[PDB]
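Naming: A, B, ... by sequence-line order, numbering from 1 per chain. The basis for the numbers below is simple: all heavy atoms, side chains too, and nothing from hydrogens, waters or symmetry mates.
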There are 4 protein chains.
Amino acid sequence: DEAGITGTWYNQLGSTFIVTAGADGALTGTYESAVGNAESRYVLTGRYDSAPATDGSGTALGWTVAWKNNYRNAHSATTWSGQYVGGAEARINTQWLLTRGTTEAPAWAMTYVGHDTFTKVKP
Amino acid sequence: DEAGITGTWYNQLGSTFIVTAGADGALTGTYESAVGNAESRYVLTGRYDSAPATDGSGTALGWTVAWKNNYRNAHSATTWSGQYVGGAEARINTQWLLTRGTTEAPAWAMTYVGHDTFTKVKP
Amino acid sequence: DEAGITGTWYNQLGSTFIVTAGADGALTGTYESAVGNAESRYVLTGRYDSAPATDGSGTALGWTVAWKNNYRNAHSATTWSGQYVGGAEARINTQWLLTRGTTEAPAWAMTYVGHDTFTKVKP
Amino acid sequence: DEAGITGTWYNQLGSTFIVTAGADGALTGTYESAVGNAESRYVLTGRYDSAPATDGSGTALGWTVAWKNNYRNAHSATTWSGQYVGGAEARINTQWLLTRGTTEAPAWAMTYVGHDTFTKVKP
Ligand SMILES: NCCNS(=O)(=O)c1ccc(NC(=O)CCCC[C@@H]2SC[C@@H]3NC(=O)N[C@@H]32)cc1
Ligand SMILES: NCCNS(=O)(=O)c1ccc(NC(=O)CCCC[C@@H]2SC[C@@H]3NC(=O)N[C@@H]32)cc1
Ligand SMILES: NCCNS(=O)(=O)c1ccc(NC(=O)CCCC[C@@H]2SC[C@@H]3NC(=O)N[C@@H]32)cc1
Ligand SMILES: NCCNS(=O)(=O)c1ccc(NC(=O)CCCC[C@@H]2SC[C@@H]3NC(=O)N[C@@H]32)cc1
Ligand SMILES: [Ir+4]
Ligand SMILES: [Ir+4]
Ligand SMILES: [Ir+4]
Ligand SMILES: [Ir+4]
Ligand SMILES: [Ir+4]
Ligand SMILES: [Ir+4]
Ligand SMILES: [Ir+4]
Ligand SMILES: [Ir+4]
Ligand SMILES: [Ir+4]
Ligand SMILES: [Ir+4]
Ligand SMILES: [Ir+4]
Ligand SMILES: [Ir+4]
Ligand SMILES: [Ir+4]
Ligand SMILES: [Ir+4]
Ligand SMILES: [Ir+4]
Ligand SMILES: [Ir+4]
């Protein structure tokens, strides 16, 4: 799955996820969001299960982007959790949590939840 | 917040999160879970907003653990998303997503959601 | 949106959601899941915003199914939260939480998160 | 658990949840939020597993509030999913999803996730 994962992925919004999978389980790369308070590339880091159960079973993985680079600071961070499924139409199906840096007035409302599907071809 | 974050944290279950915050926004360290299919330490990586809005506002951050080390492979990965709040009782308040590597029979049921609060003193 | 909502909806898994929207904001109906520990129809109840902001804006809503009927007891319950969007291809886009009745050994792992999209035509 | 559930509950924010559990699995009542865009009581409806596995196991349940009453319309709705645990310190431990009625500019950001713990005594 190392070879499967490494590369460029696109989600349903047009965002671009460029990642390298390490042999040890590391994930490193850059993320560019087509939406929100974001411009250009942001660093990402994460992990994956580098010894999946190959018996028709996806590979677990996750990663994080803090939404600060040289251009913008959106005072927020997103984590995606999901699985890589290989094959002719390879996908990474994820859910995500986006937490914003705020005061303790709306701290109850600090996190969005959503989902992203990544494919090797761009919509 | 770099100095604030770096160190050892404990959640309400007794798990131990040892992290170093980089000046650039990197998070690196190890995680030991007191529960689930887990034993000893696991690598973690993540990111944080290294230029918060200091106006009473938390620092956004997240990180990932893939639940494979030399002892066990739980074919899963967890991402935590939340915020660091500094001060006399410093906390990292998070929500988390745990995705399991499974077939496409229960792929609809691939992810748990939960929440963890981390403190500098252990319960 | 009352007229919009009331009716039969289908999700991407083949499940069937039959609902009536009340003028007061009530939602009542039955749910049949194509997957999981489920057979035949289950009662549902929920609510919707019966005075949306009609300025291109979806209508907020949610509902609950407890997964017990005359045939099966799956000791669980699911809530869906999302929005109705009207028009030629009307949709209800939701996220959901499914909580299982368990002991306090895996209570940290009590809830799944997922997402469903409902359409008026069945896949 | 019918007798257990029916009554007045308080969460960690000071909100008040007044509910009646039906013998058939119905939940009906009113919710008053101490926070957000909310004033006075709002109708709620939901369901619970009215034949739990009494072997130390919680009772699954959920419910919905649409945040419109005679005073305010917050164009949103919240669903809570969780479990009732009985005894000397009875609790309802939940996670929740709050979806807002918005356009398809930030539809990716339509839902918050959080968690509430309800007790029979108010903080
Ligand atoms: N009131 C002030 C602003 N309003 S606010 O609500 O407080 C708020 C604050 C910060 C954000 N932060 C971002 O906008 C960064 C990019 C997020 C891209 C997501 S990351 C998940 C999803 N997938 C993707 O490829 N792009 C999207 C979002 C909303
Ligand atoms: N049917 C086979 C097993 N059953 S299964 O359901 O498929 C399943 C599969 C894998 C897992 N994976 C783990 O158990 C690793 C540690 C998780 C620790 C969490 S991580 C969030 C929480 N916080 C913490 O400090 N510890 C806990 C959990 C459940
Ligand atoms: N170890 C014992 C069983 N394993 S367990 O993990 O503890 C567990 C326990 C109970 C359930 N409960 C159901 O299976 C009922 C139907 C759920 C349908 C969902 S509801 C959201 C989604 N949308 C839909 O239309 N169908 C699906 C699921 C998993
Ligand atoms: N930009 C315009 C407003 N900003 S917005 O972000 O779009 C937005 C829109 C609507 C809401 N809707 C409410 O505020 C109603 C009460 C929610 C109470 C929760 S319900 C879960 C939690 N538990 C509880 O007892 N009270 C709290 C929240 C945020
Ligand atoms: Ir395996
Ligand atoms: Ir918070
Ligand atoms: Ir919280
Ligand atoms: Ir979707
Ligand atoms: Ir700032
Ligand atoms: Ir899946
Ligand atoms: Ir999905
Ligand atoms: Ir809690
Ligand atoms: Ir309006
Ligand atoms: Ir629990
Ligand atoms: Ir909890
Ligand atoms: Ir999807
Ligand atoms: Ir039982
Ligand atoms: Ir949406
Ligand atoms: Ir969506
Ligand atoms: Ir909490």
Quick check: closest heavy atoms across [X] and [Y], and the distance to 0.1 Å?
| X | Y | answer |
| --- | --- | --- |
| A:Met110 | A:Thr102 | CB-OG1, 4.5 Å |
| A:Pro123 | A:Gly14 | CG-N, 4.4 Å |
| C:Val121 | C:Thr119 | O-OG1, 2.6 Å |
| B:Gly46 | A:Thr45 | O-CG2, 3.2 Å |
| A:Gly62 | B:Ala77 | N-CB, 4.5 Å |
| A:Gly101 | B:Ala60 | N-CB, 4.2 Å |

Does a side chain donor of either [X] or [Y] reach within less than 3.5 Å of an acceptor in the other side chain?
| X | Y | result |
| --- | --- | --- |
| D:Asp116 | D:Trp96 | yes |
| B:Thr79 | A:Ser81 | no |
| A:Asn69 | A:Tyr31 | no |

**Report entry** C:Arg91: salt bridge (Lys or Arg N to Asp or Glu O under 4.0 Å) partners, not counting sequence neighbours
**Finding:** C:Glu89
Counting distance only, does the side-chain N/O of [X] pair as donor-acceptor with the main-chain N or O of [Y] below 3.5 Å?
| X | Y | answer |
| --- | --- | --- |
| A:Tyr48 | A:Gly22 | yes |
| C:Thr6 | C:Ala21 | yes |
| D:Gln12 | D:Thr117 | yes |
| D:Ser15 | D:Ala34 | yes |
| B:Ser76 | B:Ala74 | yes |
| D:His75 | C:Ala51 | yes |

From [X] atom [atom1] to [Y] atom [atom2], the distance as rounded to the nearest 0.5 Å:
| X | Y | atom1 | atom2 | value |
| --- | --- | --- | --- | --- |
| D:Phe118 | D:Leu13 | CZ | CG | 8.5 Å |
| D:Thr78 | D:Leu44 | OG1 | CG | 11.5 Å |
| A:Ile18 | A:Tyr10 | CD1 | OH | 7.5 Å |
| B:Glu104 | A:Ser57 | CD | OG | 8.0 Å |
| C:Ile92 | C:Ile5 | CD1 | CD1 | 6.5 Å |

Query raised in the report: More than 12 non-hydrogen atoms from neighbouring residues, nucleotides or ligands closer than 6.0 Å to NZ on C:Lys120, yes or no?
Result: yes
Going by the angle between their ring planes, with limits at 30° and 60°, are [X] and [Y] parallel, tilted or perpendicular?
| X | Y | answer |
| --- | --- | --- |
| A:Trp67 | A:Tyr42 | perpendicular |
| C:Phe17 | C:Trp63 | parallel |
| A:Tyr84 | A:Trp9 | perpendicular |

With a 4.5 Å cut-off on side-chain heavy atoms, are [Y] and [X] touching?
| X | Y | result |
| --- | --- | --- |
| A:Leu97 | B:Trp80 | no |
| B:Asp49 | A:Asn73 | yes |
| B:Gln83 | B:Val85 | yes |
| B:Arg47 | B:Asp24 | yes |
| D:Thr64 | C:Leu27 | no |
| A:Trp108 | D:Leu98 | yes |
| B:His115 | D:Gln95 | yes |

